[PDB]
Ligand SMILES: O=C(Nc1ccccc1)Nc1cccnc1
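Before any questions on how it binds or moves, here is one chain, the form deposited without the named molecule, in C-alpha cells.
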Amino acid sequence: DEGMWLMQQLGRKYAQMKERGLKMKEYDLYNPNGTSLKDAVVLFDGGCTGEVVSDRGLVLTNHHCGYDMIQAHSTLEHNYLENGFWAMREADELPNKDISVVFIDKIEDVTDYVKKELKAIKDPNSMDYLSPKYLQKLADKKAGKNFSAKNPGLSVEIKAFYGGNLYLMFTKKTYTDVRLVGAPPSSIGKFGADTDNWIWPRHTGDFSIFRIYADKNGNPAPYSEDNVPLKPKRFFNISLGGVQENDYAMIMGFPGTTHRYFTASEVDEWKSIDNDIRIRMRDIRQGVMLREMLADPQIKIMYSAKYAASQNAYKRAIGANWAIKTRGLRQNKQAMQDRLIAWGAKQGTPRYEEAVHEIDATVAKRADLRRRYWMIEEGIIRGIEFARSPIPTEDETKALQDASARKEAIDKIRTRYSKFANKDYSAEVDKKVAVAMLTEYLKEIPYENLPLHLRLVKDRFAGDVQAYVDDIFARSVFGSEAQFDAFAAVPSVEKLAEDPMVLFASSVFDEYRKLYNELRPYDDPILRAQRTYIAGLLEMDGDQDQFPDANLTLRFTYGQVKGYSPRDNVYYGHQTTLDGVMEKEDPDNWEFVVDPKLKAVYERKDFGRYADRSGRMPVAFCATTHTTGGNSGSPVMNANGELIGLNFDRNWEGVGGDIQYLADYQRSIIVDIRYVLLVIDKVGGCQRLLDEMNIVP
C-alpha cells in the first residue's frame, strides 16, 4: 500500500510528499538529467544500502552490513569486532577483498523498446520477458558495441517491473576498493543481538563506516596502494536538528522482494504450507536444540549459531502468520482481485478473471507437492545435520573400483567428513534432533511419498524411529571418527553403497530434487497470468497508489516518525534513548553488555550537541516508511533531505508488510544520526570523520 516507489514516480508523488512535509525541490532529490541526492545512495556489497556522507567518499551503512569486513580484519591482538575500529588517518583505513559499492548513475524507461523486441515472439508462452540473459542481450544492444570498454567502471542492466509490464535500464558505476574506516564495538553495533532482532523499542547503534577509493580521476579501480579517496558528485549533509513525533521522513534504498500482487489463494498457501510447516518444524528442531544447549555448556557453544540462524526465519514466519490472522491480508487480496474482475466484466474483457483463475488453479494443483517439498526441506534438508553428510561422487566411486587415484578419493571423502563432523557437530544432539524431526515427518508424509530409505522405519525397524537413527550411526562409516578411519584403511565401494547414512542422505536429496523438478513447471503459468493480472490493476486504478514489487532496485519511500500500539493498553513511542540501553544492561549476558566508555558518557551526560532539547540522548527512532530486506543501511532523510538516521531493521508486526503494508503496526527501525555521531566522537574519538562531514545545526 504505502510503497516502494520507482525514481520515475517522484514527479507524480511530489505534491503529496510536499503536503506531508517535504520541503526540498523535486530535482534536488531526483533528477534524471543531473546531480541529485539519489547520487549519494549506494548498493553496499550487493545486499545492503549505504550513503556517501562527505566530499572524500566516506560511506555509512549498518554494522551488520559491514560485519564480515570488521570480522575479516579482526585478530586476537586487534579484535575490531569486539572493541570497534577507528582509523586515525586515511592511510590506516583497511582494504577489503570482494567488496563493492554500486552507484545508480542513470535510470531509463525502456518499456517500448523491450516490448517491441519481445514482439519477435517464436512462442507466446516464452519466459524471455523475465530472463536476465535475454534482458542483458537487450541492454548490450541498446548501450552499444563494447560499452564497458569505452566507459570503464560503468555497466548497463534491464529489469522487469510490474510482472513484465514496465522495464527500466540502469547505468551503474561500481567501485571495488571500499575501505573500512570505523566501526563501534559489537556491544553497540549489535546491542540487542538476536533477542532484539525484529524488536521495537530498539537500542542498537547499528552502523559502520567505509570509504570509497578510486584512481586519480575518480574512476573505479580495483585495490591499489596508489588509489585516492573518491570525490563524489553528491553527499548527504548530516542534520543535528533531530526528530519529533509526526516529522516527515523519507528513505532511498534497495528493497529486495515483496509480494504485493499475491492472489488470496497465494496468501492461503503462504500461510498453510510455507509458514505453518516452517513454524512447526523449526519449533521441534529448536526445542530439542535448546534443551541440549541448556544441559551442556559445551553443546551451547557448539550449537548457538545454528540455533540463532534457525530462529531468524522462524520469527519472521510467526510475525507473517500474525498479520494473515489479524490484519485481513487474505481478505484484502480477495477484494483487490474481485474489484478487477468486476471491472473487466463491465469492460467486456474476460482475460483478467481468466488470469486470476489460472493462478488459483495452479496453486490448488501444486498443493500436495509443495507441502511435501516444505516438509522435507524444513524437516530433513535443514532439520537434520546428517542429511548433509558425505555422499561419494560418481568419479569418487569410479576411483575406488586400481590406481593411486584411490588415495585421492579417500582424501576428498575425508575432507567432507571432517567438515560435516566438525568442532561444532554433536552426533548425540543430531540423533535427538533427527528422532523428533523424523517422527513428525513420518506422521505427515505417507509411506508411498517417503524418501526410499525412510521406508525402512516401518519395514525393517517396526516403526521405531530411535532404532532406525541409532542403526544409521552404529553402522555408518560417518557415524564416528573411528568408523571413518576403519573404512579409510580398507575402503570398498560396496561398503559405501550399502552405508545407512549414505543411503539416507542420497535418498532424502533424491526426493528433495524430484519434488523441486515436479514443482518448477507450476511457476511459469503463475508468472504469465501475473503479467495480465498486474496490467489490469494498473489500467484500472493507475500506476499511482500501487507500487511495483521490490526487485533489488533503487526505490524511495516516505512517511512520518511515529510510534504505534502493539496491543491493548500498550504504546511504543517514536524514539528510544541511551537511558534504555542502561536499563537493558546485563553484564553476564553477552548480548546486553554495555561499553564502558558509553556507560561513562551517559553518567557524565557528555552528549555535546547530539542530545535532544530535553537533554536526553537519542538512540533510535521508528517511522511509517515502507521498507524490507535490502533496505539495511538506507539513508533516512529530513523534509530538507538532510541525514537523520540509518534504517537497520523493521518490527515483527510489520513483516506481513511485504504483502500488505500495515499502517498501524509496520515501522522501519532507524538508528538516530545523533547517536552515530555521538559514538564516533565520544567512543571512537575519531574527530577527523566528524570534520570531513558537512554537519548542519
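In this text, rigid core is short for the largest set of C-alphas that superpose within 1.5 Å between two forms. Note that residue numbering begins at 1 and tracks the sequence as displayed.
When the other structures are laid on the shown form by the rigid core, the stretch among 512-520 and 595-603 with the greater C-alpha deviation in 8 other deposited structures of this protein turns out to be 512-520. With each structure aligned by its rigid core, the stretch whose Cα atoms sit farther from this model in 8 other deposited structures of this protein, between 499-507 and 182-190, is 499-507. Of the other entries compared for this protein that flank it with modelled residues, all give atoms for residue 140, so not even a third lack it. Gaps at residue 579 occur in none of the other compared entries of the protein that contain both adjacent residues, all of which model it rather than a third dropping it.
According to the entry, the deposited sequence has 1 to 3 residues without coordinates between residue 401 and residue 402. Stretches 48-56 and 657-665 differ in mean C-alpha B factor, with the higher average recorded for 48-56. When the mean C-alpha temperature factors of 191-199 and 261-269 are read from the deposited coordinates, 191-199 comes out higher. Comparing C-alpha B-factors across 585, 378, 206, 276 in the deposited entry, the largest value falls on 585. In the PDB entry, the Cα temperature factor peaks, among 371, 431, 89, 531, at 89. For residue 553, the recorded CA B-factor ranks within the lowest third of the chain. Only modelled residues enter the ranking. Sort the modelled residues of the chain by CA B factor and residue 500 lands in the middle third.
Residue 322: CA B factor in the lowest third of modelled residues in this chain (values from the PDB entry). Remark: residue 70 belongs to the highest third of its chain, ranked by C-alpha B-factor as recorded.
Per-chain ranking of the deposited C-alpha B factor places residue 609 in the highest third.
One more form of this protein exists, namely the form deposited with the named molecule bound; it is left out here, but the text below deals with it.
Figure note: of the listed segments 304-312, 498-506, 127-135, 438-446, the one touching the named molecule in the entry with it bound, with heavy atoms no more than 4.5 Å away, is 304-312.
Only one of 377, 524, 194, 470 comes within 4.5 Å of the named molecule in the entry with it bound through a heavy atom, and that residue is 194. Looking at residue 590, you'd find a heavy atom of it within 4.5 angstroms of the named molecule in the entry with it bound.
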